[PDB]
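The chain below stands alone and is given as structure tokens, in the form deposited in one PDB entry.
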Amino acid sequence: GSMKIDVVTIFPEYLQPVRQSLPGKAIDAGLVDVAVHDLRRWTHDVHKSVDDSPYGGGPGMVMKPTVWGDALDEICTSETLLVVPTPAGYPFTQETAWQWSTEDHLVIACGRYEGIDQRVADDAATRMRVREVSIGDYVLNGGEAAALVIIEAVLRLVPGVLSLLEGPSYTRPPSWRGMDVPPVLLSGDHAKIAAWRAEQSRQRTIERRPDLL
């Protein structure tokens, strides 16, 4: 398909390598376009302020609603899927990536400090689809690394752009530092090979991810 992704951030250089990692063939065929925008373009003052103190007290700072509102007004339309990475979000999974892979337009809003004033997402949700998501149970400094992960996971599911656990894999040489490749893999018995791989998958899932069982 043809997908446009806009990313808004106070650290636009963070996103530049993924921009360049796009294959020319996909860009030239108009299959994908990733654009990155400096949030400070929409600030109101000579000091280019994007943050302010939290109502109700507490540590850190909160990103200003007036700046974010102006940025999203310009970039989003009614057809936009607005993605807001946050530790308090719904889980982003492979199922999510498959769903988003058929979208015409994703906009990813990257927070810093303690996050974005909640009225920004609440206002946007009255005229477009909004999704607050987390990429895992750890705390980052901001949304930029989450945006990188989401872009990679989604775009590899777009044609021509980019349960049990998988078991161990092997290639040449057949013997290395005293360790031989499991002989069953060189046996030419492909039903037996499939059964061996299934059992390796079972054992690894029990050991590393008992939640999946």
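Numbers follow the displayed sequence, beginning with 1. Between two forms, the rigid core is the largest collection of C-alphas that superpose within 1.5 Å.
### Query
Do at least a third of the other entries of this protein fail to model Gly30?
It is, since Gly30 is left out of at least a third of the other entries that model both flanking stretches.
### Query
For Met61, do at least a third of the other compared PDB entries give no atomic coordinates?
It is not, since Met61 is included in all of the other entries that model both flanking stretches.
### Task
Report, from the record, the number of residues in the deposited sequence between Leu162 and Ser163 that have no coordinates, as none, 1 to 3, 4 to 9, or 10 or more.
Missing in between: 10 or more residues.
### Task
Higher average CA B factor in the deposited record is what I'm after, so tell me if that's 180 to 188 or 153 to 161.
Stretch with the greater average CA B-factor: 153 to 161.
### Message
Comparing average C-alpha B factors as deposited, tell me which of 144 to 152 and 49 to 57 sits higher.
### Response
If you average the C-alpha B-factors of 144 to 152 and of 49 to 57, the larger mean comes out for 49 to 57.
### Message
For the CA B factor values reported in this entry, which option in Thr102, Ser134, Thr96, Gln118 has the top one?
### Response
Top of the list by C-alpha B-factor: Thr102.
### Query
Whose C-alpha has the highest temperature factor in the PDB entry: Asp73, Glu114, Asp123, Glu79?
The listed residue with the largest C-alpha B-factor is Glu114.
### Task
Ordered by C-alpha B-factor within the chain, which third holds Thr205? Give me lowest, middle or highest, please.
Middle third of the chain for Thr205's C-alpha B-factor.
### Task
Could you look up the Cα B-factor of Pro65 in the entry and say which third of the chain it sits in: lowest, middle or highest?
According to the entry, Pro65 has a C-alpha B-factor in the chain's lowest third.
### Task
Could you say whether, by C-alpha temperature factor, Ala195 belongs to the lowest, middle or highest third of its chain?
Ranked within chain, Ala195 CA B lands in the middle tercile.
### Task
State the tercile, meaning the lowest, middle or highest third, of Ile5 with respect to the CA B-factors recorded for its chain.
Within its chain, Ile5 is a middle-third residue by C-alpha B-factor, going by the deposited values.
### Message
Sorting by Cα B-factor within the chain, modelled residues only, which third would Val36 end up in: lowest, middle or highest?
### Response
Tercile = middle for this residue's CA B-factor.
Keep in mind that the form deposited in another entry is missing from the display, and what follows is about it.
#### Entry: Which one of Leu148, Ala26, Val36, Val50, by Cα shift of 2 Å or more between the shown form and the other one, core superposed
Residue with a C-alpha shift of 2 Å or more: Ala26.
### Query
Where do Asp38 and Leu22 end up in that other deposited form, Cα atoms closer or farther than shown, with a change of 3 Å or more?
The answer is farther, because the C-alphas of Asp38 and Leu22 separate from each other in that other deposited form by 3 Å or more.
### Task
Can you tell whether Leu155 sits closer to or farther from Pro23 in that other deposited form than it does here, judged by CA atoms, where the change is 3 Å or more?
Closer in that other deposited form, by 3 Å or more.
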